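What follows is a single structure, written as structure tokens, with notes after it.
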Amino acid sequence: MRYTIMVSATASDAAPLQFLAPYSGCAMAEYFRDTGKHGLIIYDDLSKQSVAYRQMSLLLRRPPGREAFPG
Amino acid sequence: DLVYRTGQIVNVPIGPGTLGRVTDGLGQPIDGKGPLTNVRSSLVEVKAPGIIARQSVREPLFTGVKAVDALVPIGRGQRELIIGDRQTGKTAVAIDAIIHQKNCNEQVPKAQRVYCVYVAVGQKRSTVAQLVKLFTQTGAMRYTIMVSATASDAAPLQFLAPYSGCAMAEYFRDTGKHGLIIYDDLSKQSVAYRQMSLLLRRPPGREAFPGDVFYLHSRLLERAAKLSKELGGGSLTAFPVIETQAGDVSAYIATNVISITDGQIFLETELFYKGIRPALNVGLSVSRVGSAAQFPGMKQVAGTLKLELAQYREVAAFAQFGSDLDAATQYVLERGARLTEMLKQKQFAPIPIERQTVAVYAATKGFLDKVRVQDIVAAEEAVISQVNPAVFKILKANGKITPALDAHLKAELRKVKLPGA
Amino acid sequence: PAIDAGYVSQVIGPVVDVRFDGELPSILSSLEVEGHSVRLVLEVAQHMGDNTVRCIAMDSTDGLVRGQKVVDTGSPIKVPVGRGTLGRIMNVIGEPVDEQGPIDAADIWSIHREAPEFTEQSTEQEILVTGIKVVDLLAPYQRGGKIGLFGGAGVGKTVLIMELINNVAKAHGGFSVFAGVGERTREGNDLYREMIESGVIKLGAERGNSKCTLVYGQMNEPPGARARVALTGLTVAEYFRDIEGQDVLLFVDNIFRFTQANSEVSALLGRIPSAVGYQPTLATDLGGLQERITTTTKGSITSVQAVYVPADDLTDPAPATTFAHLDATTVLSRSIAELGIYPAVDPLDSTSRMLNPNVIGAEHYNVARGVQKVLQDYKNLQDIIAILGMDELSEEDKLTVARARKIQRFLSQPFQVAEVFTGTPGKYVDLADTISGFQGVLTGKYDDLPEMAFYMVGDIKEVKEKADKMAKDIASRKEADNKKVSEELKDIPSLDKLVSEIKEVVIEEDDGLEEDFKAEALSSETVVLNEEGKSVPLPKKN
Amino acid sequence: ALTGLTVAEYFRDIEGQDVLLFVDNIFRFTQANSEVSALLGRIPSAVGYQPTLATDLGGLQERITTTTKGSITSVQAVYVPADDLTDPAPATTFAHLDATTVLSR
Amino acid sequence: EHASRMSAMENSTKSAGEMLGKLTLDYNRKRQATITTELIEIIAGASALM
Ligand SMILES: Nc1ncnc2c1ncn2[C@@H]1O[C@H](COP(=O)(O)OP(=O)(O)OP(=O)(O)O)[C@@H](O)[C@H]1O
Ligand SMILES: Nc1ncnc2c1ncn2[C@@H]1O[C@H](COP(=O)(O)OP(=O)(O)O)[C@@H](O)[C@H]1O
Ligand SMILES: [Mg+2]
Ligand SMILES: [Mg+2]
């Protein structure tokens, strides 16, 4: 945990906090890339982030496509 | 055009003015015997009775066919689904129950009588007219009530008609009587709800049914139950019928209603088209309410039948075909080939509970093993005719076979006119 | 009082709209309608413009007119909760149905709270014995773990969760809260019988000593209740978690109907549907239900969920997002139950978090990974054995194939609540009974015992005695002969005097259904209403 | 198909003769309903058929019955779509056919 | 050797014949579930734009 950051969007939170959590997860790790170090990132359950994307659009009157995922 | 609200929630006429009449799914009878006279009109959309207004299932409900009363027991207030493919005996078993309920109504008192309700969904008007003609000539017309929404009528009539039949049988549930309702071909009632919901542009789910097709079959089937004795102690036994498609249980309607009813009655087409009619597949078909609430004594003698028909199907169909033969289990197979053809029956002739127990006695204890398998179905009808009619009068009376009776019964079963042998 | 007193704008089935004049209430707050035959409650969820909100009706909507006065509590839906509820049956609003008067409400908590955070979370893994050999070996239940029992409409997710209660809910120190969500109404009643006669529901003056609180939203209700009953019985857990501090037992039955009750109303809310027909919000709503079922650091919840897969198709999204919401997956399959092997737990997918060699130790991990090895050997060789027979492989794996049929029969186990419809009584098996019993079958310590000797047995004591019974029965084929002579004078009157010793029921004709009957006046033309509303016949124009 | 029924319904119900009838290619009549009822903006059913399948296919069948005045029998040529007897078009078709005569090469 | 195989390949033709029997029905019940799940994307694709 000394050398570990963890952004943790639960399933009991709203959709866009899960939608942004890999996006904010790489916002931390671009700093480790920008200042010469090496960075590890794990975007765990990235399909479930895409379901967190599918929730927002289908309430947002946006057209669906394959498996009702957006364009 | 001018619409007119009535001021009453959607209704259907209920009562003894409907006994012996074929009604539409709303209330206008089409038998030609004029409008209803001794009737009252209640709601067709009633909340199903709560838990504390209910009790357990205790009194058995017989059915009259050897295949069903032996291995898949049914109690009053228990809803047992019939399931199978087209032209495989689902409707035949259901009207054999209705004929069987007629004659048993001529041997029970008034407070234990039964009243039949046979709805009809999506069948041809040609064949359902042959059903009410057959119900007249068997005398079950006196205690049947018919709802026939055929394939011609519009989609909310085929959507409402099983609700109307349950409201017509709601009466006997309320005022202390006992009911038997047959939901016929409830898979076609699902497409009726599919029609009335898709044309309202409601977005459909798996296999294009709408989302609430479970709650439709729920509220239809949860209204048939067994009540406590505080509200007259009445009961209602349902028989939904679901048409499956070529050995599929994972159709969306078929797996829906099975998770509602108390058990299924599988009718496998493999057992049918070799001639075994009815084709009750005894190993897939359970009923987990009537096991305690069966006719006792039958449970003492068909428990051996259930354990052998547990093991008879296991060695079937490859005793000589598949791998090889061992001849150590020819004892179960050449006894089980008797017991499968023992469950056969010719059509439109129910066998009561007192005449099935001696029938299931005769093939179990070893009395009919010497007659070869090509003529046992004449042996069993001979056993009904050969043994003197005292024993049928005793076993229905006491309700349980005592040791003072079977020793008399074991002596009688040997001196029968065997076929062949 | 025309401020904050609205009327019904529009009714679409179980979904209604209330237009408000004074001020629209906050989301997930209740409404109370006036003038209905039932005390019907609404719950606001979307403020749909026009000073009008979006509701889902918790009861029957037949009879709503577009002018009826609708008042709010100014609060979310509160349920009477507390120790006095132990032995009561509540529906979604918590009015009693068990006819024992009202409920002595210790407190009235709202059904809509925030889920507990990371700071309140506990990582203390321990084991839960059940009396099942398939559970306590292949995926042992955590003492503070969420439990899933995926069943395919008739494979025994009602019996196994009723067998589990009849084993551990009596011996566990804390209460139970049973939340029947969309189960058949009769099977709630047999749970009401079984808990009285086993001393878990005590009526009269002894209510506070009982060990079970019932919550029932069975499938008779329109889908407001089934959308919210699994939340209400969870709030019976919240008062027993944060306040009481005890270890509650939450056996939520058929939690799929929660996901389907939202699926009934979200087709009416104008929402563009998701994949195969569910709402878009099943990701958060199943999250908003599952993640209150968490063991806090001030008390746990030892809960079992039951997720009904729709059509024996586990790639459906309603169990697919439910795998991750569960510690111990226990999948019940359909095809295995066709052989009669009860319970038909899929051994090769039922995975727990407790299956880990550093918590239960490598004595148990080596046992389960051997069983899951040879079944995966066996399931790899199902394709050859069906089309070419067994007689083609070497003797290095045809030993393992018969070894598979041994351990497939041994997973069968009778259940102590299934004794009503099976005859045999169930067996209560300890943890050390199984792992000792399962070690030797892996090595082949009982290979000379036949494959039917493992069927429906409890312990490793019962594996040889039934194998002795099968052998003993063969010599009972020609052991002795029975004959019963000199009995016809002992206790039997006759056969003909058997006829005269029966009391005859006097069957009465003229059943006469006119008793307790009303038979109102029903004429030819239907009654209509004119413009003033008087019951006149329909005027003769078509 | 309704025209062939009503020139049969004149001979069934006035002359009193037992008329024959051939509603040829009943898969095509089902599919002719599948294109006319998808054209009117109705929401599609299962596999691509109309949602008014059972009601409007039955509306042809339910006027071919017998009566006291006469009887009309139909010989509906059926093409099984994609050689599947669980397709929804023969599924409701074989809920009215009383005799099923196969013709083999 | 050639005789028992002549009856072992007979039953193997039946057994690998009945596994073709269920599997075409496993082809059909997935195909009609495929087109319908492919169809309702279009209705969900069309109703949002009307
Ligand atoms: N015990 C029996 N003896 C002889 N024939 C039988 C028996 N039981 C069923 N059959 C035959 O099987 C058919 C059963 O008809 P039934 O209406 O039950 O089939 P179905 O699957 O319900 O068809 P549908 O759903 O179209 O009514 C009858 O035509 C009858 O000829
Ligand atoms: N331990 C068992 N022994 C024998 N049969 C069982 C056992 N457990 C389940 N079953 C069978 O599985 C069926 C499951 O029915 P039920 O549990 O009510 O439906 P679901 O599985 O959808 O909850 C029962 O009919 C019963 O016959
Ligand atoms: Mg039928
Ligand atoms: Mg279930």
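So you can find residues: chains in the structure tokens are A, B, ... in the order shown, residues in each start at 1, and ligands are numbered from 1 in order.
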Select from chain E every residue with an atom at most 10 Å from any atom of chain B, then for each give the shortest pair of atoms and their distance in Å to one decimal, using only C-alpha atoms, rows by chain and rising number, as CSV.
residue,atom,partner,partner_atom,distance
E:7,CA,B:321,CA,9.2
E:8,CA,B:323,CA,8.0
E:10,CA,B:322,CA,9.2
E:11,CA,B:322,CA,5.9
E:12,CA,B:322,CA,8.5
E:14,CA,B:322,CA,8.9
E:15,CA,B:322,CA,8.5
E:22,CA,B:247,CA,8.8
E:25,CA,B:246,CA,7.8
E:26,CA,B:248,CA,9.4
E:29,CA,B:251,CA,8.5
E:32,CA,B:207,CA,8.0
E:33,CA,B:207,CA,6.2
E:34,CA,B:207,CA,9.2
E:35,CA,B:207,CA,9.4
E:36,CA,B:207,CA,6.2
E:37,CA,B:207,CA,7.5
E:39,CA,B:208,CA,9.2
E:40,CA,B:204,CA,7.6
E:43,CA,B:203,CA,8.2
E:44,CA,B:203,CA,7.7
E:47,CA,B:201,CA,8.9
Task: Who sits within 8 Å of residue B:147, only C-alpha atoms, same chain under 4 positions skipped, as a list in words - done: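 The neighbour list is residues 22, 23, 24, 25, 117, 118, 119, 120, 161, 162, 164 and 165 of chain B.
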I need the chosen residues saved as a PDB file, in the first residue's frame, with C-alpha atoms.
ATOM      1  CA  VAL B  22     -70.227 -22.318 -22.609  1.00  0.00           C
ATOM      2  CA  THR B  23     -69.329 -18.690 -21.949  1.00  0.00           C
ATOM      3  CA  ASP B  24     -67.097 -16.224 -23.739  1.00  0.00           C
ATOM      4  CA  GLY B  25     -64.215 -14.608 -21.899  1.00  0.00           C
ATOM      5  CA  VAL B 117     -64.142 -25.189 -14.866  1.00  0.00           C
ATOM      6  CA  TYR B 118     -62.593 -25.855 -18.272  1.00  0.00           C
ATOM      7  CA  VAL B 119     -61.377 -22.747 -20.022  1.00  0.00           C
ATOM      8  CA  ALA B 120     -60.301 -22.952 -23.657  1.00  0.00           C
ATOM      9  CA  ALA B 161     -60.585 -15.746 -20.751  1.00  0.00           C
ATOM     10  CA  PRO B 162     -58.452 -17.679 -18.205  1.00  0.00           C
ATOM     11  CA  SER B 164     -62.837 -15.327 -16.328  1.00  0.00           C
ATOM     12  CA  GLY B 165     -62.613 -19.050 -15.661  1.00  0.00           C
TER      13      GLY B 165
END
Task: Backbone DSSP call of strand (DSSP E) for chain D, listed as a count of residues only - done: 8
Using the chain letters and numbers from this document, which residues of stretch 426-474 of chain C does DSSP assign to alpha helix (DSSP H), as a short mmCIF file (atom, residue, chain, number, x, y, z; two decimals) with N, CA and C atoms, in the first residue's frame?
data_model
loop_
_atom_site.label_atom_id
_atom_site.label_comp_id
_atom_site.auth_asym_id
_atom_site.auth_seq_id
_atom_site.Cartn_x
_atom_site.Cartn_y
_atom_site.Cartn_z
N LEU C 431 -17.82 -31.13 9.37
CA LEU C 431 -16.77 -30.79 8.42
C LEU C 431 -15.70 -31.88 8.37
N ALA C 432 -15.32 -32.43 9.53
CA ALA C 432 -14.29 -33.46 9.57
C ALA C 432 -14.81 -34.79 9.05
N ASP C 433 -16.13 -34.98 9.00
CA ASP C 433 -16.69 -36.19 8.42
C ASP C 433 -16.45 -36.23 6.92
N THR C 434 -16.54 -35.07 6.26
CA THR C 434 -16.45 -35.03 4.81
C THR C 434 -15.02 -35.20 4.32
N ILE C 435 -14.08 -34.43 4.88
CA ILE C 435 -12.73 -34.38 4.34
C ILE C 435 -12.01 -35.70 4.61
N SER C 436 -12.28 -36.31 5.76
CA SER C 436 -11.89 -37.70 5.96
C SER C 436 -12.60 -38.61 4.98
N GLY C 437 -13.88 -38.37 4.75
CA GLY C 437 -14.63 -39.21 3.83
C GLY C 437 -14.25 -38.99 2.39
N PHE C 438 -13.81 -37.78 2.05
CA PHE C 438 -13.44 -37.50 0.66
C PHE C 438 -11.97 -37.74 0.36
N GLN C 439 -11.12 -37.96 1.36
CA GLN C 439 -9.71 -38.17 1.06
C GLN C 439 -9.49 -39.53 0.41
N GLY C 440 -10.10 -40.57 0.96
CA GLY C 440 -9.83 -41.91 0.48
C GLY C 440 -10.42 -42.20 -0.88
N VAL C 441 -11.54 -41.54 -1.21
CA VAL C 441 -12.18 -41.76 -2.50
C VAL C 441 -11.31 -41.18 -3.61
N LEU C 442 -10.53 -40.15 -3.28
CA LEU C 442 -9.57 -39.61 -4.23
C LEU C 442 -8.45 -40.61 -4.52
N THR C 443 -7.88 -41.21 -3.47
CA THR C 443 -6.82 -42.19 -3.67
C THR C 443 -7.37 -43.50 -4.22
N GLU C 462 -21.73 -44.64 6.36
CA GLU C 462 -22.81 -45.18 5.54
C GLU C 462 -22.36 -45.62 4.16
N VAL C 463 -21.07 -45.59 3.86
CA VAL C 463 -20.65 -45.99 2.52
C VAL C 463 -20.48 -47.50 2.41
N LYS C 464 -20.10 -48.18 3.50
CA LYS C 464 -19.90 -49.62 3.45
C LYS C 464 -21.14 -50.39 3.82
N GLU C 465 -22.02 -49.81 4.64
CA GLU C 465 -23.18 -50.55 5.12
C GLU C 465 -24.24 -50.69 4.05
N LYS C 466 -24.42 -49.66 3.22
CA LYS C 466 -25.29 -49.80 2.07
C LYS C 466 -24.66 -50.72 1.03
N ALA C 467 -23.33 -50.72 0.93
CA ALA C 467 -22.67 -51.70 0.07
C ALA C 467 -22.80 -53.11 0.63
N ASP C 468 -22.95 -53.23 1.95
CA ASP C 468 -23.32 -54.51 2.54
C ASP C 468 -24.80 -54.82 2.34
N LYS C 469 -25.65 -53.80 2.22
CA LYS C 469 -27.07 -54.05 2.01
C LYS C 469 -27.35 -54.49 0.58
N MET C 470 -26.63 -53.90 -0.37
CA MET C 470 -26.82 -54.27 -1.80
C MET C 470 -26.44 -55.75 -1.96
N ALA C 471 -25.31 -56.15 -1.36
CA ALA C 471 -24.83 -57.55 -1.42
C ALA C 471 -25.79 -58.48 -0.68
N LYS C 472 -26.28 -58.04 0.49
CA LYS C 472 -27.20 -58.86 1.33
C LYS C 472 -28.51 -59.12 0.57
N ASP C 473 -29.00 -58.11 -0.16
CA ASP C 473 -30.27 -58.21 -0.92
C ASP C 473 -30.18 -59.31 -1.98
N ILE C 474 -29.02 -59.48 -2.63
CA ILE C 474 -28.91 -60.52 -3.69
C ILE C 474 -29.20 -61.89 -3.06
#
- [ ] Compute the chain B side of the contact with chain C at 8 Å, counting only C-alpha atoms, and hand it back as JSON, numbers by chain.
- [x] {"B": [4, 5, 6, 7, 9, 16, 35, 36, 37, 38, 39, 40, 47, 48, 50, 51, 52, 54, 55, 56, 107, 108, 109, 110, 175, 202, 203, 204, 205, 206, 211, 212, 215, 218, 219, 222, 225, 250, 251, 252, 255, 256, 258, 259, 260, 261, 284, 288, 289, 291, 292, 323, 390, 393, 394, 397, 398, 404, 407, 408]}
TODO: Using only C-alpha atoms, find the residues of chain E whose closest atom to chain A is at most 9 Å away, then write them as number ranges by chain.
DONE: E: 37-38, 41-42, 44-46, 48-49
Can those selected residues be exported to a file as a compact mmCIF listing (two decimals), in the first residue's frame so that it contains N, CA and C atoms?
# COMPACT_ATOMS: atom_id res chain seq x y z
N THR E 37 -33.06 -11.28 -30.61
CA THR E 37 -32.19 -10.35 -29.90
C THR E 37 -31.48 -9.43 -30.88
N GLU E 38 -31.35 -9.86 -32.14
CA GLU E 38 -30.88 -8.93 -33.16
C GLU E 38 -32.01 -8.04 -33.66
N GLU E 41 -32.90 -4.88 -31.15
CA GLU E 41 -31.98 -3.74 -31.25
C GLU E 41 -32.49 -2.74 -32.26
N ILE E 42 -33.16 -3.22 -33.30
CA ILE E 42 -33.61 -2.31 -34.35
C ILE E 42 -34.82 -1.52 -33.87
N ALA E 44 -35.52 -0.92 -30.64
CA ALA E 44 -34.90 0.03 -29.73
C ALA E 44 -34.02 1.04 -30.46
N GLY E 45 -33.60 0.73 -31.68
CA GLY E 45 -32.92 1.72 -32.49
C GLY E 45 -33.86 2.63 -33.24
N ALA E 46 -35.10 2.21 -33.45
CA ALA E 46 -36.03 3.03 -34.22
C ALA E 46 -36.97 3.84 -33.35
N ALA E 48 -36.46 5.33 -30.53
CA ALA E 48 -35.84 6.52 -29.97
C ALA E 48 -35.81 7.69 -30.95
N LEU E 49 -35.93 7.42 -32.25
CA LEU E 49 -35.86 8.45 -33.27
C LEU E 49 -37.21 8.78 -33.87
Task: Residues near residue A:43, cut-off 12 Å, only C-alpha atoms, skip fewer than 4 positions along chain, as a ChimeraX atom specification - done: /A:6-9,18-26,29,47-50
Using only C-alpha atoms and all ligand atoms, I'd like a table of the residues in chain B that come within 7 Å of ligand 1; for each, show the closest atom pair and its distance in Å rounded to one decimal, ordered by chain and ascending number, as a tab-separated table.
residue	atom	partner	partner_atom_place_in_ligand_line	distance
B:84	CA	ligand 1	21 (O)	6.9
B:85	CA	ligand 1	21 (O)	5.6
B:86	CA	ligand 1	21 (O)	3.5
B:87	CA	ligand 1	21 (O)	3.3
B:88	CA	ligand 1	21 (O)	4.2
B:89	CA	ligand 1	18 (O)	3.3
B:90	CA	ligand 1	18 (O)	4.1
B:91	CA	ligand 1	18 (O)	3.4
B:92	CA	ligand 1	18 (O)	3.9
B:93	CA	ligand 1	18 (O)	6.7
B:123	CA	ligand 1	26 (O)	6.7
B:185	CA	ligand 1	25 (O)	6.2
B:243	CA	ligand 1	25 (O)	6.9
B:277	CA	ligand 1	1 (N)	4.4
B:278	CA	ligand 1	8 (N)	5.0
B:344	CA	ligand 1	1 (N)	6.9
B:345	CA	ligand 1	1 (N)	5.0
B:346	CA	ligand 1	1 (N)	4.2
B:347	CA	ligand 1	1 (N)	3.8
Open item on the list: Report as an MDAnalysis selection string all protein, DNA and RNA residues lying within 12 Å of residue D:6, evaluated on only C-alpha atoms, omitting residues in the same chain fewer than 3 positions from it.
Closed with: chainID D and resid 1:3 9:14 19 21 60 63:64 72
Open item on the list: Using only C-alpha atoms and a cut-off of 9 Å, which residues of chain D sit close to chain E? Please list them as number ranges by chain.
Closed with: D: 43-48, 84, 86-87
Selected residues written out, N, CA, C and O atoms, as a PDB file, in the first residue's frame:
ATOM      1  N   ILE D  43     -45.095  -3.221 -33.769  1.00  0.00           N
ATOM      2  CA  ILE D  43     -43.798  -3.668 -33.257  1.00  0.00           C
ATOM      3  C   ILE D  43     -43.606  -5.137 -33.616  1.00  0.00           C
ATOM      4  O   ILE D  43     -44.543  -5.933 -33.452  1.00  0.00           O
ATOM      5  N   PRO D  44     -42.455  -5.526 -34.157  1.00  0.00           N
ATOM      6  CA  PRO D  44     -42.247  -6.928 -34.521  1.00  0.00           C
ATOM      7  C   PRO D  44     -42.220  -7.865 -33.326  1.00  0.00           C
ATOM      8  O   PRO D  44     -41.802  -7.510 -32.225  1.00  0.00           O
ATOM      9  N   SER D  45     -42.682  -9.084 -33.586  1.00  0.00           N
ATOM     10  CA  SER D  45     -42.825 -10.208 -32.669  1.00  0.00           C
ATOM     11  C   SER D  45     -41.510 -10.921 -32.434  1.00  0.00           C
ATOM     12  O   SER D  45     -40.433 -10.323 -32.471  1.00  0.00           O
ATOM     13  N   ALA D  46     -41.613 -12.227 -32.193  1.00  0.00           N
ATOM     14  CA  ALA D  46     -40.507 -13.164 -32.343  1.00  0.00           C
ATOM     15  C   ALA D  46     -40.088 -13.279 -33.808  1.00  0.00           C
ATOM     16  O   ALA D  46     -40.550 -12.503 -34.650  1.00  0.00           O
ATOM     17  N   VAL D  47     -39.330 -14.310 -34.185  1.00  0.00           N
ATOM     18  CA  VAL D  47     -38.197 -14.326 -35.131  1.00  0.00           C
ATOM     19  C   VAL D  47     -38.206 -13.356 -36.334  1.00  0.00           C
ATOM     20  O   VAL D  47     -37.183 -13.180 -37.005  1.00  0.00           O
ATOM     21  N   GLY D  48     -39.315 -12.670 -36.593  1.00  0.00           N
ATOM     22  CA  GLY D  48     -39.401 -11.671 -37.633  1.00  0.00           C
ATOM     23  C   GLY D  48     -40.818 -11.581 -38.142  1.00  0.00           C
ATOM     24  O   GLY D  48     -41.126 -10.783 -39.029  1.00  0.00           O
ATOM     25  N   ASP D  84     -37.343 -26.403 -39.679  1.00  0.00           N
ATOM     26  CA  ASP D  84     -37.479 -26.339 -38.235  1.00  0.00           C
ATOM     27  C   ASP D  84     -38.955 -26.349 -37.886  1.00  0.00           C
ATOM     28  O   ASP D  84     -39.694 -25.439 -38.270  1.00  0.00           O
ATOM     29  N   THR D  86     -39.978 -25.866 -34.915  1.00  0.00           N
ATOM     30  CA  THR D  86     -40.159 -24.970 -33.781  1.00  0.00           C
ATOM     31  C   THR D  86     -40.144 -23.516 -34.212  1.00  0.00           C
ATOM     32  O   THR D  86     -40.114 -22.626 -33.358  1.00  0.00           O
ATOM     33  N   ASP D  87     -40.118 -23.265 -35.512  1.00  0.00           N
ATOM     34  CA  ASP D  87     -40.321 -21.923 -36.016  1.00  0.00           C
ATOM     35  C   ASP D  87     -41.752 -21.499 -35.694  1.00  0.00           C
ATOM     36  O   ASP D  87     -42.654 -22.337 -35.705  1.00  0.00           O
TER      37      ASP D  87
END
- [ ] Would you please work out which residue, of D:17, D:50, D:101, D:93, is nearest to residue D:33 when using only C-alpha atoms?
- [x]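 Counting only C-alpha atoms, the residue closest to residue D:33 is D:50.
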- [ ] Write out as a ChimeraX atom specification which residues come within 12 Å of residue C:68 when counting only C-alpha atoms, dropping same-chain ones fewer than 2 positions away.
- [x] /C:5-11,16-20,32-36,40,63-66,70-71
Taking only C-alpha atoms into account and nothing else, which residues of chain D lie no more than 8 Å away from chain B? Please answer as a short mmCIF file (atom, residue, chain, number, x, y, z; two decimals) with N, CA, C and O atoms, in the first residue's frame.
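Saved to result_23.cif:
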data_model
loop_
_atom_site.label_atom_id
_atom_site.label_comp_id
_atom_site.auth_asym_id
_atom_site.auth_seq_id
_atom_site.Cartn_x
_atom_site.Cartn_y
_atom_site.Cartn_z
N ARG D 42 -46.51 -1.73 -36.69
CA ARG D 42 -46.62 -2.55 -35.50
C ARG D 42 -45.24 -3.01 -35.07
O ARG D 42 -44.33 -3.17 -35.87
N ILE D 43 -45.10 -3.22 -33.77
CA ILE D 43 -43.80 -3.67 -33.26
C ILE D 43 -43.61 -5.14 -33.62
O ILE D 43 -44.54 -5.93 -33.45
N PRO D 44 -42.46 -5.53 -34.16
CA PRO D 44 -42.25 -6.93 -34.52
C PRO D 44 -42.22 -7.87 -33.33
O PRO D 44 -41.80 -7.51 -32.23
N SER D 45 -42.68 -9.08 -33.59
CA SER D 45 -42.82 -10.21 -32.67
C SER D 45 -41.51 -10.92 -32.43
O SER D 45 -40.43 -10.32 -32.47
N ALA D 46 -41.61 -12.23 -32.19
CA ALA D 46 -40.51 -13.16 -32.34
C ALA D 46 -40.09 -13.28 -33.81
O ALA D 46 -40.55 -12.50 -34.65
N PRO D 51 -46.76 -9.63 -34.86
CA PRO D 51 -47.26 -10.00 -33.53
C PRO D 51 -48.70 -10.44 -33.53
O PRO D 51 -49.16 -10.97 -32.51
N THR D 52 -49.41 -10.27 -34.63
CA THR D 52 -50.79 -10.74 -34.77
C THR D 52 -50.84 -12.06 -35.52
O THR D 52 -51.76 -12.32 -36.30
N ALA D 54 -51.05 -15.48 -34.35
CA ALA D 54 -52.02 -16.50 -33.97
C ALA D 54 -53.45 -16.04 -34.19
O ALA D 54 -54.33 -16.84 -34.51
N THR D 55 -53.70 -14.75 -34.02
CA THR D 55 -55.05 -14.24 -34.21
C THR D 55 -55.42 -14.18 -35.69
O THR D 55 -56.51 -14.59 -36.08
N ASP D 56 -54.51 -13.68 -36.53
CA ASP D 56 -54.84 -13.50 -37.94
C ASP D 56 -54.54 -14.71 -38.80
O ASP D 56 -55.12 -14.83 -39.88
N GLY D 58 -55.25 -17.66 -37.46
CA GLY D 58 -56.43 -18.39 -37.05
C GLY D 58 -57.71 -17.87 -37.68
O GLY D 58 -58.65 -18.64 -37.88
N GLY D 59 -57.73 -16.58 -38.02
CA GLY D 59 -58.89 -16.01 -38.68
C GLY D 59 -59.17 -16.61 -40.04
O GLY D 59 -60.31 -16.62 -40.49
N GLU D 62 -60.36 -20.45 -38.70
CA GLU D 62 -61.60 -20.59 -37.94
C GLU D 62 -62.85 -20.41 -38.76
O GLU D 62 -63.95 -20.66 -38.25
N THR D 65 -64.60 -24.62 -41.02
CA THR D 65 -65.09 -25.67 -40.13
C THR D 65 -66.25 -26.35 -40.84
O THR D 65 -66.50 -26.13 -42.03
N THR D 66 -66.99 -27.17 -40.11
CA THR D 66 -68.20 -27.79 -40.60
C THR D 66 -69.41 -27.19 -39.90
O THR D 66 -69.29 -26.59 -38.83
N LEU D 85 -39.38 -27.36 -37.14
CA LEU D 85 -40.75 -27.42 -36.66
C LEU D 85 -40.93 -26.70 -35.33
O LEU D 85 -41.94 -26.92 -34.65
N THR D 86 -39.98 -25.87 -34.91
CA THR D 86 -40.16 -24.97 -33.78
C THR D 86 -40.14 -23.52 -34.21
O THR D 86 -40.11 -22.63 -33.36
N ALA D 91 -45.53 -23.46 -35.94
CA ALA D 91 -45.92 -23.78 -34.58
C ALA D 91 -47.40 -23.53 -34.35
O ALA D 91 -48.09 -24.36 -33.75
N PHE D 94 -49.57 -25.96 -37.00
CA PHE D 94 -49.88 -27.32 -36.58
C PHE D 94 -50.73 -27.38 -35.32
O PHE D 94 -50.86 -28.46 -34.74
N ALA D 95 -51.29 -26.27 -34.88
CA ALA D 95 -52.30 -26.29 -33.84
C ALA D 95 -53.70 -26.27 -34.41
O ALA D 95 -54.67 -26.19 -33.64
N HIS D 96 -53.84 -26.32 -35.73
CA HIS D 96 -55.14 -26.43 -36.37
C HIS D 96 -55.23 -27.56 -37.37
O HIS D 96 -56.35 -28.02 -37.65
#
